[PDB]
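As structure tokens, the structure follows; a few thoughts come after it.
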Amino acid sequence: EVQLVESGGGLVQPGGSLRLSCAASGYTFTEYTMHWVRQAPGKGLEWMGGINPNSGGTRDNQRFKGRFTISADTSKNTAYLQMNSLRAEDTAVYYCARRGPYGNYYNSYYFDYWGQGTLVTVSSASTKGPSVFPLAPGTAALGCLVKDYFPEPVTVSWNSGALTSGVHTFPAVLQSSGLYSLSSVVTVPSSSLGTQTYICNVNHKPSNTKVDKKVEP
Amino acid sequence: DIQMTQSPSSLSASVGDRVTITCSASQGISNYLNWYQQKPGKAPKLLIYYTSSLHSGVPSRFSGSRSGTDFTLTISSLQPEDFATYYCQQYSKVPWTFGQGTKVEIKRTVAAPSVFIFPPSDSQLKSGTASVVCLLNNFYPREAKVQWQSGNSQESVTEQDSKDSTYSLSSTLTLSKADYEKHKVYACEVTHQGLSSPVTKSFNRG
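Put into structure tokens, the structure is as follows:
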């Protein structure tokens, strides 16, 4: 079962140089062509180019020829995108994308599987991790409150993933300070409050920090 | 550099209705058009390739069509989980270009917002500020107003729900240390269509 798992996306100073990385598994890397599609926030998708892991040869886009650079590592089943001279408009979510089906079928050529995307955000400000305070509890509705972090995104889950139904992770807001902030609530049986533990995991990958806060009443 | 023009920009249909998405290539291409479905939070997902053929295991209420440079995505019968943004990609002439998107929103029957309210946490109060969180949960339609007093609260709305097509709203009221402890009773006032009378949830700081 094919999984593409990306990483690398954080803050980059305007001018600086980041490197993202797709990490493919569940098939043979050197049989398919990875690509990179980019999507600015609220916007359309933009093709970045691709690379053939088996020949190492790169399919380019002549508006990115200069700053960007695609590549791949057979040994680690990993395809990368290097990005230099970054400017405010390069902020976007960067997806990798496999291109099936097997071969070149001349009728079938599409990005079948994709990575989950990563958020490169290029701006002068500095990184800060979030501070997580709780929103303690028929039906009871608890949550936790993520506050004062930079840059987007923070990734919230509940009971480390066991709790998916009833969750609601609101979109962040920018504060006059310049740090983001969001809330994330679930609803649960009251009768279950005494006997199930509710914990929220606020993973902030642009600073390598995950804060798990336990919500009691 | 072939330029895909998608219409309409965004439409609201009803569940089981039939939705038609257009996409018009700037210059001629063959059947070389792919159809992607991107859902909020997720990466784009293929549905229809070679302009009409269904990706393995895609609900066959999905069709794609072709008349000229004009391309037509057909959700025969809209479902609440089809809330998405849909994109055409052309794979005729490099560089590959996508559409601009169409946002496909679901019109359903009115729901009223279950209201909840959250005092500031002991833990947060030491920072020097306090944040009161009014939560409206699972209402439709999206219009509704929150009243605390103003200048203070930001607010935000979950995207459309993929199961009951409802919204949700997090209005957060962030005043200061001991500006909180000055006064005593906090309440958000909620006003929404499916609620006959403007509902108010409140707590006394103590």
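Here the protein sequences line up with chains H and L, keeping their order. All the letters of the first sequence, read from the start, carry residue numbers 1 to 52, 52A, 53 to 72, 72A to 72C, 73 to 100, 100A to 100G, 101 to 126, 134 to 213 under the authors' numbering. All the letters of the second sequence, read from the start, carry residue numbers 1 to 148, 155 to 212 under the authors' numbering. For every residue, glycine included, the Cβ atom is placed at its ideal position computed from N, Cα and C.
Keeping to the same chain, check which residues put their C-beta closer than 6 Å to that of residue i; ignore five residues upstream and five downstream.
i	result
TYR91(H)	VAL37, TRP103, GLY104, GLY106
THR206(L)	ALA193, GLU195
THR110(H)	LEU11, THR87, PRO147
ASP208(H)	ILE195, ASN197
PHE118(L)	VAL133
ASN53(H)	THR30
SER182(L)	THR129
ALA71(H)	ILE51, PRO52A, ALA75
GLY28(L)	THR69
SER52(L)	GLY64
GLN100(L)	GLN6
Looking only at C-alpha atoms, which of the options sits nearest to residue i?
i	options	result
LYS210(H)	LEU20(H), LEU138(H), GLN171(H), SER172(H)	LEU138(H)
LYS201(H)	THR74(H), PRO147(H), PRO123(H)	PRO147(H)
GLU81(L)	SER65(L), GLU143(L), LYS39(L), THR164(L)	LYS39(L)
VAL198(H)	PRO119(H), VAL181(H), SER186(H), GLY44(H)	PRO119(H)
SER168(L)	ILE117(L), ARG108(L), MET4(L)	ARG108(L)
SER208(L)	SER202(L), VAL133(L), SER30(L), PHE83(L)	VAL133(L)
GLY55(H)	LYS72C(H), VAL121(H), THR33(H), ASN100(H)	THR33(H)
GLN155(L)	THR51(L), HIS189(L), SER77(L)	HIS189(L)
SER26(L)	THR129(L), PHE71(L), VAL191(L), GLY41(L)	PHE71(L)
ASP1(L)	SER9(L), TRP96(L), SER53(L)	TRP96(L)
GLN6(L)	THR69(L), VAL115(L), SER52(L)	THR69(L)
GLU85(H)	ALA40(H), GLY96(H), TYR100E(H), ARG95(H)	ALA40(H)
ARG66(H)	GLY162(H), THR191(H), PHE122(H), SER17(H)	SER17(H)
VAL163(L)	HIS164(H), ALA158(H), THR151(H)	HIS164(H)
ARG94(H)	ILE51(H), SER188(H), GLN13(H)	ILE51(H)
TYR100B(H)	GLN79(L), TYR91(L), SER203(L), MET4(L)	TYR91(L)
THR20(L)	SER114(L), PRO120(L), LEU73(L), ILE29(L)	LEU73(L)
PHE116(L)	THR135(H), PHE100G(H), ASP101(H)	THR135(H)
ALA24(H)	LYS72C(H), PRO14(H), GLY8(H), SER179(H)	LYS72C(H)
residue 226(L)	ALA184(L), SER30(L), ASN137(L)	With chain L represented from 1 up to 212, any question about residue 226(L) goes unanswered, as that position is not in the structure.
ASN204(H)	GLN13(H), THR151(H), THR57(H), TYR100E(H)	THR151(H)
residue 132(H)	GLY99(H), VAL89(H), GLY42(H)	Since the model of chain H includes 126 and then 134 but nothing between them, residue 132(H) has no atomic positions to report.
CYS23(L)	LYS42(L), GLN3(L), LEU135(L)	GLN3(L)
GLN166(L)	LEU78(L), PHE83(L), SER10(L)	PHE83(L)
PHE100G(H)	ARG19(H), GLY96(H), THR28(H)	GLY96(H)
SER9(L)	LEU108(H), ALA158(H), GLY42(H), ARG58(H)	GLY42(H)
Leaving out five residues on either side along the sequence, give the residues of the same chain with a beta carbon under 8 Å from the beta carbon of residue i.
i	result
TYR36(L)	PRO44, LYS45, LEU46, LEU47, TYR86, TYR87, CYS88, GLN89, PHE98
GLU161(L)	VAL146, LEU175, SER176, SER177, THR178
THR193(H)	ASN155, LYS210
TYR49(L)	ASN34, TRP35, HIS55
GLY174(H)	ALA114, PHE146
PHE122(H)	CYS140, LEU141, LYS143, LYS209
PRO167(H)	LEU178
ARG211(L)	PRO119, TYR186, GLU187, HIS189, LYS190, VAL191, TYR192
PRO14(H)	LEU82, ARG83, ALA84, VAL111, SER112, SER113
Enumerate in chain order the residues of its own chain whose CB-to-CB distance from residue i is below 7 Å, with the five nearest sequence positions on each side excluded.
i	result
residue 152(L)	Because residue 152(L) lies between 148 and 155, and chain L jumps straight from the first to the second, it has no atoms in this structure.
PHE63(H)	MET48, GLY49
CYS22(H)	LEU4, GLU6, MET34, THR74, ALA75, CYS92, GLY104
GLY26(H)	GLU1, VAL2, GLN3
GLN124(L)	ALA130, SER131
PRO126(H)	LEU189, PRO213
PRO204(L)	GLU195, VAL196, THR197
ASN158(L)	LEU179, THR180, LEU181
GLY41(L)	none
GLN171(H)	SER177
Kindly examine the ligand GTP and report whether one of its heavy atoms sits closer than 6 Å to the Cβ of residue i.
i	result
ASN73(H)	Among the ligands in the structure shown, none appear at all, so the ligand GTP cannot be discussed.
Using a Cβ-Cβ distance under 7 Å, would residue i count as near chain B?
i	result
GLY8(H)	Absence of chain B from the displayed structure is noted, the protein chains being H and L.
**Message:** By the 9 Å beta-carbon criterion, what residues does the segment 73-102 of chain L contribute toward chain H?
**Reply:** The residues in question are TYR87, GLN89, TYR91, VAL94, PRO95, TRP96, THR97, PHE98, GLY99, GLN100, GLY101.
**Request:** Only counting runs of 3 or more residues, tell me where the beta strand (DSSP E) segments fall wholly within the segment 91-140 of chain L, in order along the chain.
**Result:** For secondary structure counted as the beta strand (DSSP E) over 3 or more consecutive residues, the segment 91-140 of chain L holds these complete runs in sequence order: 102-107, 114-118, 129-137.
**Request:** Taking a Cβ distance cut-off of 7 Å, strictly less, list which residues of the segment 50-70 of chain L are near chain H, in chain order.
**Result:** So the close ones are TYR50.
**Within 7 Å of chain H by C-beta, residues of the segment 111-127 of chain L in sequence order** = Residues are counted here when their Cβ sits less than 7 Å from a Cβ of chain H; for the segment 111-127 of chain L these are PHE116, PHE118, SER121, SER123, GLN124, given in chain order.
**Touch test, the segment 48-68 of chain L against the segment 93-107 of chain L, Cβ-Cβ under 8 Å, three pairs minimum** = For the pair of segments examined, the segment 48-68 of chain L was found not to touch the segment 93-107 of chain L: the number of CB pairs separated by less than 8 Å stays below three.
**Prompt:** Of the residues that make up the segment 166-184 of chain L, which ones have a beta carbon closer than 7 Å to any beta carbon in chain H?
**Reply:** Listed by position, the residues of the segment 166-184 of chain L near chain H (Cβ gap below 7 Å) are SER174, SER176, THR178.
**Prompt:** Are there three or more Cβ pairs, one per stretch, closer than 8 Å when the segment 6-19 of chain L is compared with the segment 74-83 of chain H?
**Reply:** Counting C-beta pairs with one atom in each stretch, the segment 6-19 of chain L and the segment 74-83 of chain H have fewer than three that are closer than 8 Å, which means they do not touch.
**Prompt:** Are there three or more Cβ pairs, one per stretch, closer than 8 Å when the segment 182-192 of chain H is compared with the segment 62-73 of chain L?
**Reply:** Counting Cβ pairs under 8 Å, fewer than three are found: no touch.
**Request:** Scan the segment 184-211 of chain L and note each continuous alpha helix (DSSP H) run of 4 residues or more that stays entirely inside, going in chain order.
**Result:** Whole alpha helix (DSSP H) segments, 4+ residues: 185-188.
**Request:** Check distances from the C-beta atoms of the segment 152-172 of chain H to those of chain L and list, in chain order, the residues that come in under 7 Å.
**Result:** The residues in question are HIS164, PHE166, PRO167, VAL169.
**Item:** Selection of the segment 13-42 of chain H by Cβ proximity to chain L, strictly under 7 Å
**Value:** Near chain L, meaning a CB-to-CB distance below 7 Å, no residue of the segment 13-42 of chain H qualifies.
**Asked** Which runs of the alpha helix (DSSP H), 4 residues or longer, sit entirely within the segment 31-78 of chain L?
**Response** Within the segment 31-78 of chain L, no complete alpha helix (DSSP H) run reaches 4 residues.
**Message:** Against chain H, which members of the segment 16-48 of chain L pass a CB distance test of less than 7 Å?
**Reply:** Against chain H - using a Cβ distance shorter than 7 Å - the residues of the segment 16-48 of chain L are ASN34, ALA43, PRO44, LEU46.
**Message:** Please give me, in chain order, every unbroken run of the beta strand (DSSP E) with length at least 3 that falls completely inside the segment 156-188 of chain H.
**Reply:** With a minimum length of 3 residues, the unbroken runs of beta strand (DSSP E) contained wholly in the segment 156-188 of chain H fall at 176-185.
**Request:** Determine which residues of the segment 73-98 of chain H have a Cβ less than 7 Å from any Cβ of chain L, and write them out in chain order.
**Result:** Flagged, chain order: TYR91.
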